[PDB]
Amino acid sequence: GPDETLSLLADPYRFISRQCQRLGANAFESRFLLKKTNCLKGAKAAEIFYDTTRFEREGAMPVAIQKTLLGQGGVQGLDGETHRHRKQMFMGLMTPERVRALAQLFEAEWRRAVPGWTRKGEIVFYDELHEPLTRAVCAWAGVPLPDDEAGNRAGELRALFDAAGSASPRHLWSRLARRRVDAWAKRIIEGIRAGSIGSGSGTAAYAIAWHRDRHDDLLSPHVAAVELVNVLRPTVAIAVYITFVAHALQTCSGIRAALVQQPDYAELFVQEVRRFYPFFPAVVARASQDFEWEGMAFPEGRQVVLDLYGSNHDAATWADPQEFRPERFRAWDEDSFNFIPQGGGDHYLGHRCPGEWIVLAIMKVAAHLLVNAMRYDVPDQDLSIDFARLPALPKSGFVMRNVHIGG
C-alpha cells in the first residue's frame, strides 16, 4: 500500500472517517511513514482498542511528539502495573473539592483579566485565555509563578500543544518551549524535594514530587517534571474548548437563551461541545499479540490508531451527529466507549484522560461567564472551524470587541 501521511496531515480530523465512509467499514488498513497502520472508528473498535491484553502503548509515541506535546518518560508511554501505578498519581488529584478549587481560581483569573481586555478594545479570545489558565493551574498545583513571568510561561505551555502540529518554524518553537518548560518544572520538583519550595500536601506538584514508584523510589527529577507538565499543559489547552464554547454560543440559534434560563442545560451543553468539535484527533497504540477482529488482521506489533472525532460523529451512536444539539445528552447512558473526546474505557485501568473533571468544570465556568457576566460584541469575521489546523480553531481565533463584565 501507499504512504498516506500527506493525506492524513491535510485532513487530520476527518481523514479516517471519510475513508471509512467510502469503504463502508469501521476500519481500514493504511500506512503512515514506515508503519502499516490499522485505522479504527466507532464504539466497538474503541472497546477493543482499550483492551490492554491486545494493545500496548510502550514505544508507540513518535519522537517528534516526545520532543513537543508530551515529553519523555510520562504516563502516556507506560503499560501494565507500571502504568496503573503512575496513573493513580494523577487520579488522586481529581477530588470534587480539588476540581472545584481549580474552577474557582480560574473564574478569579478570568475576572482579573477582563479590565485588560476592555482597555485593548479588541481581543482575539483564544489568545487571551492561556495566561489566566496558566495562572490558575500553577496556583492550584503549588507551582510558584511570579506575576512578571506568567505571560512568558503561558506562551511556553501554549507552544507545547498549539505549535507542536505546525508544519513551520512554530514546530521549532514548540521544541524549544519543551526544553524550557521541562527545565522549569524540574527546578520546581527539585525545590520541593530540597524544602526551598513549600507546595501544600494536597497539590499536584507536591503529589508528583513525592510520588514513589512500584520500587518505593522517587521519580527521577526529569520524569517528575514531565508529569507535572502533563497537568499544567493540558489545563492551558482548555483555551481551545473555551473558544469553541464562545463559537457555539455565536453560531447556534437558541443556545444562549437555553443556557441563561435552564439550570440543567449547562452540563448538556459542555458535553455537546466536547462531542461536536474537533480537538484531540486520534490515539495511537500497538497490537501486543496476534489477533483478528471483524475480518481484519492485527499482527503482533501492528500500529493502530483510534479516531476520536470520527467516533464522536458516528451516526450509529448519535443518529444525527452533524447537528449541535445539547439535548441529545438527555438520552446518553454514560457508555465508556461511544463518546470519547478525551479517550475511552476506564480511567484507572487504561489511558483515558484523568483531566475530564477539570475540563468539564472549567468549561462550565466559561459558559457561565460568557452568558451571565461578560458582555462583548462580535464583529464580522471568519468563524469557520479550521479542520487543517492542530488543534482546530475558528479561523479568526474568535475576535471580540467592547468587552466588559459590568453588565
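Don't overthink the numbering: it's just position in the shown sequence, from 1.
Enquirer: Where do the C-alpha atoms have the higher mean temperature factor in this entry, in 190-198 or in 272-280?
Expert: Mean CA B-factor is higher for 190-198.
Enquirer: If you take the mean CA temperature factor per stretch, which one wins between 294-302 and 105-113?
Expert: Result of the comparison: 294-302.
Enquirer: Go through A316, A205, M91, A183 one by one and give the residue whose Cα B-factor in the PDB entry is largest.
Expert: The record points to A316.
Enquirer: Going by the entry, which of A27, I48, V365, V359 has the most elevated CA B factor?
Expert: Highest C-alpha B-factor among the listed residues goes to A27.
Enquirer: Considering only modelled residues of the same chain, in which third does the CA B-factor of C353 rank: lowest, middle or highest?
Expert: CA B-factor rank for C353: lowest third.
Enquirer: Taking the values exactly as deposited, rank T52 by C-alpha B-factor within its chain and report the matching third: lowest, middle or highest.
Expert: It falls in the middle third of the chain.
Enquirer: Taking the C-alpha B-factors as the PDB entry records them, is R119 in the lowest, middle or highest third of its chain?
Expert: For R119, whose C-alpha B-factor we compare with every modelled residue in the chain, the answer is the highest third.
Enquirer: Is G42 in the lowest, middle or highest third of its chain when residues are ranked by C-alpha B-factor?
Expert: Within its chain, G42 is a middle-third residue by C-alpha B-factor, going by the deposited values.
Enquirer: Give the position of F337 by CA B-factor within its chain, expressed as the lowest, middle or highest third.
Expert: Bottom third by C-alpha B-factor.
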